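Structure, as structure tokens:
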Amino acid sequence: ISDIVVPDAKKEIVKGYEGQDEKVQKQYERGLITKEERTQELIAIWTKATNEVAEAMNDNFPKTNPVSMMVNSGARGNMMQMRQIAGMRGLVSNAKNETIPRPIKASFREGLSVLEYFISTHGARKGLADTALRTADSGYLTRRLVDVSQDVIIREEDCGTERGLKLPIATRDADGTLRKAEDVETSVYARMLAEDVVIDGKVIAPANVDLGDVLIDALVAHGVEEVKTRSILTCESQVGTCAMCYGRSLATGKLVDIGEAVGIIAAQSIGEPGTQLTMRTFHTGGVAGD
Amino acid sequence: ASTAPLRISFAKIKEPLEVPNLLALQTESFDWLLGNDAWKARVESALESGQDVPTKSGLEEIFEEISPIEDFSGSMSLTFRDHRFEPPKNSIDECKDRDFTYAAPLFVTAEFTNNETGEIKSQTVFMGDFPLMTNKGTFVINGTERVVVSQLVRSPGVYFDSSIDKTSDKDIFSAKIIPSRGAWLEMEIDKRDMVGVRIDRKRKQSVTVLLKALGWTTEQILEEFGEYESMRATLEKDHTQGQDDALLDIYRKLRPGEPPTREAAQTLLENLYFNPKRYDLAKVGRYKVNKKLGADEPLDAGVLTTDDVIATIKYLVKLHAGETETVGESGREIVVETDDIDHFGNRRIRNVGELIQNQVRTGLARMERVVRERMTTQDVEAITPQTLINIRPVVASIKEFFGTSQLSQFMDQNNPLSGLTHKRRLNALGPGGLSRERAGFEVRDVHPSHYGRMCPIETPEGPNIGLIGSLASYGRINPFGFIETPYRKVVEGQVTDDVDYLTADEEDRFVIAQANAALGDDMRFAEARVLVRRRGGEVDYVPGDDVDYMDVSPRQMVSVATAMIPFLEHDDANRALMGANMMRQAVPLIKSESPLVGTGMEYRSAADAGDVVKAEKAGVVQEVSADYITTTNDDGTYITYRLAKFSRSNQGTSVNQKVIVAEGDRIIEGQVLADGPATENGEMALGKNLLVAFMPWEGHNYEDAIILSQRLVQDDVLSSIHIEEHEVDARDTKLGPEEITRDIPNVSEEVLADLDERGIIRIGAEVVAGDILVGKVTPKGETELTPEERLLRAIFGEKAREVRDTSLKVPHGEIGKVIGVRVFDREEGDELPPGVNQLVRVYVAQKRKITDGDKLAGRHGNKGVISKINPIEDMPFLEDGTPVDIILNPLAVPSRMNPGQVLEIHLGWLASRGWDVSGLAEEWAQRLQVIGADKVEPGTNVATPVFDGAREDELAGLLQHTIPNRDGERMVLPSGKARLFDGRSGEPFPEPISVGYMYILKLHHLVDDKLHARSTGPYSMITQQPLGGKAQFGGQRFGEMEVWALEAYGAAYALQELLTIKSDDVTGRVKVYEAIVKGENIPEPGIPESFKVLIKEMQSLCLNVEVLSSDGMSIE
Amino acid sequence: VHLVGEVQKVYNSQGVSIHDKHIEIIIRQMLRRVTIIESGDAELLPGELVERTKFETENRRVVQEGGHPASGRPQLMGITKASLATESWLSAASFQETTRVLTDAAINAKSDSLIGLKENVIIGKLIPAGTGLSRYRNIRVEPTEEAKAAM
Amino acid sequence: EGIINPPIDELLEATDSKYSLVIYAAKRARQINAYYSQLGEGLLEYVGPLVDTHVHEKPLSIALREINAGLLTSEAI
Amino acid sequence: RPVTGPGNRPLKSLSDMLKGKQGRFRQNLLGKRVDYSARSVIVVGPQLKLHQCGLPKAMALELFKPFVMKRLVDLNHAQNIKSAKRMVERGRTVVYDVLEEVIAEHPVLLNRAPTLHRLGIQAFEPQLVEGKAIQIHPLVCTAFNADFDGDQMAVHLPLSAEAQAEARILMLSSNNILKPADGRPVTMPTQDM
Amino acid sequence: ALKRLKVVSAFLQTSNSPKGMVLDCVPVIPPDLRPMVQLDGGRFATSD
Amino acid sequence: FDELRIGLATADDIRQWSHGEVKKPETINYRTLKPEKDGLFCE
Amino acid sequence: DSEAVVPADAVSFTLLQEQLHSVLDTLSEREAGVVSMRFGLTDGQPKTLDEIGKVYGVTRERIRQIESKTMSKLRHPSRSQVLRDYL
Ligand SMILES: [Mg+2]
Ligand SMILES: [Zn+2]
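Chains as they are written, first to last, in the entry's author numbering: chain A, 728 to 1017; chain B, 16 to 1131; chain C, 1115 to 1265; chain D, 9 to 85; chain E, 389 to 581; chain F, 292 to 339; chain G, 7 to 49; chain H, 424 to 510.
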């Protein structure tokens, strides 16, 4: 009970907000503001309040406590979970994707109120129903992907061709400097250059060599802005797809073996996070199709 | 007074209304259906009290519905005036033991009256046995306890839906009249800027043809409807005119292929809607349609009228044209607005009474058809009420009602709370209702209307999430079928001690406050500002004297299983869901103990359930004993309660009952005399309370798994009886009869050591897998001795006899001490099904102790498998040596967002070591002193209601002021953590650790059930692959995703063997077994058999699927 | 590029990361067919899906024969349609459609070559992927002569 | 004294592939199992375990040990 | 309307067997049931090595019945094969000793039901262990996406020499450090360590 | 016309005659594949 | 196993597959529990 | 189903066949042969004693006497320990 300390300042700040809030209600009672405008300003004001109390709690906590140790380390949990365990929960999705005007002001440590628990439940069951559905759809998608992706097996040691594919080695280069791509790993790593590269008249990255940290670092240092990687798309193999174009596998960290089933592996990997995605528009916004 | 044992209450607000009879839903519904003395007593009590109630019973109503039958001549008539019951012949205990459906006779007086004879002949007839419902709301059918659960259905009436079509770029409005029984009708306006009607959606048609088909003329039509341009446009574009023209046109459209007939068209239209039989709108249907359409007092019971149809036209178009308020046709002014189906005013529960009433109504409909047919084929003066009625349909329906019904469910007796929860569930799935495949997002999701009428917290987490839910705590059923809920009455800002039951619609009009809102010393509101809720689930506040109703109890929105949890408010809704769903599985233990910390409502949840045996008189006990207890009232009546002892439940757990009362103690009515499974002093007890400490420990409690001492194994703390029952029949076959005998053939001598004289295992003979329970031998089989068998028999001189052994044997992997054997004999007076000469059942009972794999869990949805059972020494003990009985991963509680369990642990520690608080002059001290929970002795239970639980200031102060347990020091620091000396390395843990008492249950996911294995066993017939299930030695399924993974690995040989040798190849299985035992290398797999099945089947569709080789025909 | 980017950003919306090759294989599989247009000299129908390899072979055949090639345009179709319009009816039959595919295969009288994975899992034979390939399975094992010389 | 007792990398570099290694070891293991099940015919073509053997053993472990030692060789047809 | 037959349900049809989730194709040719397999609840045992899994005594005994029979015949603990069958069914101590002797060097494929990605099926070294629940190594738990709330895990047995070869080389639980999705470590969970 | 050409050409190239549309003789599934297996209790178990 | 040729099954082919002809709806004698003559299940 | 060949029963029967045939091979050639025909180990139809006395060239009483002799010899405890357990 003494581990999770609610921020002392919270009460003060929130009552200030609440004070401000009731003023709006007063100036809504006289008809000077439309109900929709009141709802919008209130949702914005409570978003501000919950963000501010989140920051206040983040400052409050000392680094030596259990929850910080097991969240910062990446062991388990996440910042927002501690936010709604210690700080106020905030805006909660009303049924059929709406927001309420009076979000939850108490933390799970302090204990919700009856209606507050009731509104939180409105979102909780929806989430469970949604997950059950997303698992179903993810399974269906995985089956379709595996079916369409089968019959693609690696059946040649080396491709006959030299055509490659142009990918961005490095981008978002600030002024007077070269900056590598933010998502360089998922795109260009584990690919084999179709042809060598010369920048100072000397070969930097030899051909048919999978790329890693040292080589990519060297190539960005030399200042090359693009790269030409051989890839499965440009494969010209008389039988299936060659090993060279697929590049090294990933579960082993070595060149893909002849006869491995890349198709089922790709389908399984693409279908695996289908259950983990679980994302949806927070609110329709009153417009359909936008 | 002494109703329950003392339990300190941490509540802060006094409660006017007590919880109603928690089982009222079933008992009152079935009393109404029976219309017995209790129901009519309730009816007259309500009438003299002024409360509305249906004055007419359920059975007599359905009887009176069937008017006396009239032949084409209408000469004769059969009146079913009076119905009556007689006491059932079989006792409830007798029915359960002898496999008889608990039922009683139902007689009825049939009066035959014929005008031609001018005579009345009265005679009583008997329509069959009627399954009755015991006083604990279970139908004991075929010796098994079923329960019928309510059903959520859209009430009949009008429903208007407003939507938007992207193609049209404009709003669309539709209407649907949903009847109770008849065919359905719809009314869509401006589908393409015109209004049209769906008469069962047969074909496209207009409204003008419908109105003209009715007697209403065009002139009056346009006079009434000249103010809405949509209808004038529809009228003018309609070229057809005249009633006859419209009628013949609509008949041709509805039934093409024959020339139109005026009279047949009129009778068809009358039959489809106006007929009182084909369109019998339920009483709720009319009751809601009059309110919705605004007509003032239409016909109380009957079909829709043309007046209703025109009123619906007017309402629909008023909605379309945009006006929000309009004069109701033949009614007062009303808001015209779209109505959402999901609102709970539109949802109706079919209590068991209405379900069985519908079924018996269908049966009587078949009876009516049968008697009418008999009348058409019978001569006069040879007709008596005795002979004409065939009772087969009614009995066949009320018996098939229980079977093949999604609503007659096998009762679950895992514990009394599982019983109550199965009673109160309102299953949306079932006939004529929302099915699994029809499920959508909207129906499952909680609605604002659900508050107080359907707990949103608890529901199965499976694919049927939210479809099945438990009724609220205070819920009561409106006679039409809607769900009520109480509210206290407020006036001039003063809360009054009056309660009114509001339904799901009357709630919307008013504004409802919150019970939690503080109240001053006087009955006025302490604070002008008070949270309230209003129409549409709004939560806006309204200060000052404006409210009129407030919730009577803060626990209104929570059901019984969810009300059990303590510190519920602090848990996330998801973890509360899991905790409440789990708690319907805890098995009773050898010695049940009430939780140290728990909601104060557990006493009601225990007493209300029918497992506890309470007294119906206020007397003095005279003979207390294990089997039975005798009570004597001052009047003189003696009654001996017979307590069940170790009798199997539905799920296979003991139902042992203890005895709590002393010899001469005084008793009061309803008081608890004998304790039940998972109970203590009449209070609920589904588990024990262990000493829990939160710390990771060597990784044995990694990923939420559990570590517990050997103290629980040693001291029998967590151990459960389990009684399994399996039976055999000595059936007579063509070749001969089966003999239950001790002389089993082709057996050793010592196997039949403990068998009794006739071939029955003795009572108390501990058994293991493979033991012979009851001996049985086949009469004969045509034996053609093989050459090897012939030669061997010749060498050893043994006679292989026609009689063959087929005796029942203990299933593999099973242990236990037999406790009771039952035998039923054909030749004896006992009745058996045909063919089975003798039946034998044996009870094997064991005491399963808490072991590795046996699932364990707490109350707040924290659950895990045991990973290791350390010796008592290795447990990290406390400063005073008390070894912590169980460890738990702390990594759980933050991420799972169930910090209620930490509060529970601290409060349990507080409960175990009492506290004294007197004259402390602290705010929390003042609150506890006024509540009365200031001076608490050690060990006493403590209660924190589900929403008025102890505040954190109270816990902090009490921890500061705990009673010194030994030598004058408190082992727990003010922070709620204590010093833990690691038992293994010995060296104290570097920092204090949280410790306290947590209530842990033993779930029914015991490892002994889950554990299964298979070398080789049975197989299926149509396809030779192994069969599934544990009872039949069934291999686990190597489904599609498994072969996907194996193909991904590239391991092709393993896939080949897993798909051909290890199943689906008859030639390969014996070969692989022989190869392994002989040590020879595995042989080459053949072609599987399932592919051959497919080839033949596709050859039976006239597709010549020919397997071919590159060089001509292939070899197979 | 567009498909890869869209699906990759959809995944990165959460934080999961799937290497682009996995997407690339499927996207290559979707683009495999081509829609034939101006089917004058090729003599087959116009405006139907045809596999790229067959298109190239037919174009080479007709230009060798002297006739001018029939035109074709790239066409993208969903994974479902691509799977259904496959050479191996057995794999198609084991898919969602199990009536239309059987019927049309019967009408066309197409013999299903056993090349592929699922159709070799139905039969129970060895999947041509990994250890089941011809080159790995044809070897012979003997020790060296010096091994026999020692013992 | 375990499944991972013979490390894999030496085998991979010895056979130059991974599936080739498993099929080749499986052929050798089949041969040695069949030899242990000779029970008296003494066919000349058959050859016993080249490396020392325990009183009870699984043939595949012996085959893998032989590959790791390297004295065994394979030639594709 | 279909030919309802009894009236409770449409009657099955030739093609109806050849279609749908329950059709022959997708239920009895792609995914079949298998002999030499088992299932049970799973618990965490940290003292194991990465390439080891526990199989409870009754489970392992019933899995390896052919091999236990062969070994008991060879060691003369049982006279002949039928007496060996009776001896194993009785469950005398000699049977357990032979079992501990025989499971060694025989991989077993542990497998969880969803098997989302190819790391769902992983070979392991079996090992006798008391209780009735499979002991497993927490390092490989996250590869299955398996928690220890309660989660039954199937166990399959590779029979032939080739299958056990693949289970030792390809499917071993120590040669699958890297997840195939993006080639980052998956076999270093984080919950407690 | 495109669909009609597709089907007619598919039939013309194939040797099997179109008259297979109308079956004259109905093949029957072998009995074991539609088992009337005896069931204990004097009852029966039959496939549709 | 090289190709699973499938096509239209003509009447002559169906006759070739058949080893007889079913002539009754008989299945099994109610008393002998044995297959009848020339009906379903006929031996 | 009941028509399935239980692998354990089939393999036990095969082992019984092998053990029994070995046991007869222990006996003399003529004795083993005559008992085999008397009990039809070679062919599913065992031959009566006189029925054996046609191909072998012995009289029905002579073959009977050796049949009695075979049954005795296989009844000594020597060639009985192995076949007792197989039943
Ligand atoms: Mg789980
Ligand atoms: Zn290539």
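Ideal Cβ positions, reconstructed from N, Cα and C, are used throughout, including at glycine.
With a cut-off of 9 angstroms, does the C-beta of residue i fall near any C-beta of chain B?
i                  : result
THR1245 of chain C : yes
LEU860 of chain A  : yes
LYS853 of chain A  : yes
Say the cut is 8 angstroms; is the CB of residue i nearer than that to a heavy atom of ligand 4?
i                  : result
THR1167 of chain C : Among the ligands present in this structure, namely ligand 1 and ligand 2, ligand 4 is not found.
Assign residue i to buried or exposed, taking buried as 16 or more other Cβ atoms, counted over all protein chains shown, within 10 Å of its Cβ.
i                  : result
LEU51 of chain D   : exposed
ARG1166 of chain C : exposed
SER425 of chain E  : buried
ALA945 of chain A  : exposed
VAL543 of chain E  : buried
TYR867 of chain A  : exposed
In terms of DSSP beta bridges, what is residue i paired with?
i                 : result
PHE425 of chain B : B:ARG161
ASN396 of chain E : The partner list for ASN396 of chain E (beta bridge, DSSP) is empty, contrary to what the question assumes.
Hey, is residue i's beta-carbon within less than 9 angstroms of any beta-carbon in chain G?
i                  : result
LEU314 of chain F  : yes
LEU1118 of chain B : yes
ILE1221 of chain C : yes
Which residue's Cα is closest to the Cα of residue i: the options?
i                 : options                                    : result
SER609 of chain B : B:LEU1016, B:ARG590, B:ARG363 and B:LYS632 : B:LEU1016
For ligand 1, is there a heavy atom less than 8 angstroms away from the beta-carbon of residue i?
i                      : result
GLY551 of chain B      : no
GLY538 of chain E      : yes
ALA542 of chain E      : no
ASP869 of chain B      : no
residue 607 of chain E : Absent from the model: residue 607 of chain E. The displayed extent of chain E is 389 to 581, so no value can be given.
Taking 9 angstroms as the CB-CB limit, is residue i close to chain D?
i                     : result
residue 12 of chain B : The structure shown does not extend to residue 12 of chain B, since chain B spans only 16 to 1131, so no value can be given for it.
With a cut-off of 9 angstroms, does the C-beta of residue i fall near any C-beta of chain E?
i                  : result
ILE1139 of chain C : no
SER308 of chain F  : no
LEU80 of chain D   : no
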